[PDB]
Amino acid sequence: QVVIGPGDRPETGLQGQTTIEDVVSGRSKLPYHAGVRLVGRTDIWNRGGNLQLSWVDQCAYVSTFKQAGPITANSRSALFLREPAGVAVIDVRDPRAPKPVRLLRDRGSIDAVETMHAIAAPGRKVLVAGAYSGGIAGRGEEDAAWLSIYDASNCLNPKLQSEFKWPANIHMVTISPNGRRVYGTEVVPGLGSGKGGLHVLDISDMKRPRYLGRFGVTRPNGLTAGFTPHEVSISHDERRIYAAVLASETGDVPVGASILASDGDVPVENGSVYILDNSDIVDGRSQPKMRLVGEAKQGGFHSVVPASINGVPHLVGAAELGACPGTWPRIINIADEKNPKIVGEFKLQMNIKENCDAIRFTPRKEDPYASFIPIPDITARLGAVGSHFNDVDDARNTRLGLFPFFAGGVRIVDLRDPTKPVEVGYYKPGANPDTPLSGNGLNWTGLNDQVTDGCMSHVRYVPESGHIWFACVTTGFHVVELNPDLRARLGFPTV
């Protein structure tokens, strides 16, 4: 549970709510927080349009996304791709004063969106960023699915090593723990049909990457079918792949409503989590397969990450966004990987339907224009309160969930009881209106940049310092820490 101490600037409505009162008074433009303290922040040249966060050592990388739209060709988007667009390199050697140092604006890094990852492996420091909108059928070379691969041995000055062109649109990338492979998801155009897969790129030689192939899911009957994974995480020894899956070509993963719909009938589906045996690739077997070991239905289509809670292996999975009551993370016990089981769920008060109905300025029932001219309630013109990524503090020794909830800001969750996750803290960064990459009312995500902000990035926990790193669309890159009281309570070590 969350205790309010003198340090805090707590939420003024329901848990996770941005109240219309605060929007009108201007209060919503300033931060809210409990259980945490801001260490440092940079608005990254006041740019806006921030999305993904990756890191190598003491350097953060923050991608950008264009208002022109998720799938719009980069060649048609020059008005939205000039500086300060691109992946910003941020010096965090002093976390009280993070400092943006340069912009990567190569084919993959100019509009990386969700398609960026970095890894510090033994003797290999790598940053990759890809053209999230690239490779859509019928376009030319300029608009292909480019992947820019950087040697980040000097993390403050990543050196472009090569640019590889995928044979399909790649949505998210995950570099293997040894830094020598990149796993790229294909969700488009298959989407709900499940006709996509997981691409593998060998980047042992960063200057000369070698395409491995497009993988489907292989079942015990020996047959392979497509799937459309959104993102994968990878086990420590690379022998397990944990896929968050939107759909299967076998058709047994139900697909639901648009996560950007404002209201309000059909629901968003959670999608499934697949655990995949990746031993074939690890051991260099010919005709390699990715074999289905187990499946957690409703496990979460958007992101899944590994966790170890009191010595017991778990996964944390979630869908994303969604109109009220939105979407939220689920805790999945994988002690038996052949039979994963959802053991707990973490939800805010704003993820309860009854609550969402109670705050509306007008009840759906009273709306004569309902089918005729659908108009969202004013409470739905702020931004979704639902997951967008769902990380943990330490995969190998997990206590805390670090859960971005988009307009709900970043939620800090005690996971020590996996059947009963509870909030212990949160940070909402306020607002930063009129930025170059998020201004002009041209946004497409439903985030209202005039009055609030949205946290959409992966979240880092640094055990040495206790610092938590995250990026928010308009306010930029933040470093926060737990307050002394909460830290003492969690019995985290102390330095």
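Throughout, we count residues from 1 along the sequence that is shown.
Decide which of the stretches 261 to 269 and 174 to 182 has the higher mean C-alpha B-factor, going by the entry.
Here the higher of the two C-alpha B-factor means belongs to 261 to 269.
What stretch has the higher average Cα B-factor here, 313 to 321 or 279 to 287?
According to the PDB entry, the answer is 279 to 287.
Quiz for you: based on the deposited Cα B-factor, which of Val245, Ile331, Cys155, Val304 is highest?
Across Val245, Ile331, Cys155, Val304, the entry lists the biggest C-alpha B-factor for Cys155.
Determine which member of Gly344, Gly108, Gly386, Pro376 has the highest CA B-factor, using the values in the deposited entry.
The listed residue with the largest C-alpha B-factor is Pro376.
If you rank the chain by CA B-factor, which third does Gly196 end up in: lowest, middle or highest?
Middle third - that is where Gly196 ends up once the chain's C-alpha B-factors are sorted.
Considering every modelled residue of the chain and its Cα B-factor in the PDB entry, is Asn46 in the lowest, middle or highest third?
According to the entry, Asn46 has a C-alpha B-factor in the chain's middle third.
Considering every modelled residue of the chain and its Cα B-factor in the PDB entry, is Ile20 in the lowest, middle or highest third?
Tercile = highest for this residue's CA B-factor.
Comparing against every modelled residue in the chain, figure out the third that the C-alpha B-factor of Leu160 lands in (lowest, middle or highest).
Highest third.
Lowest, middle or highest third: where is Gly138 by Cα B-factor in its chain?
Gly138: CA B-factor falls in the highest third of its chain.
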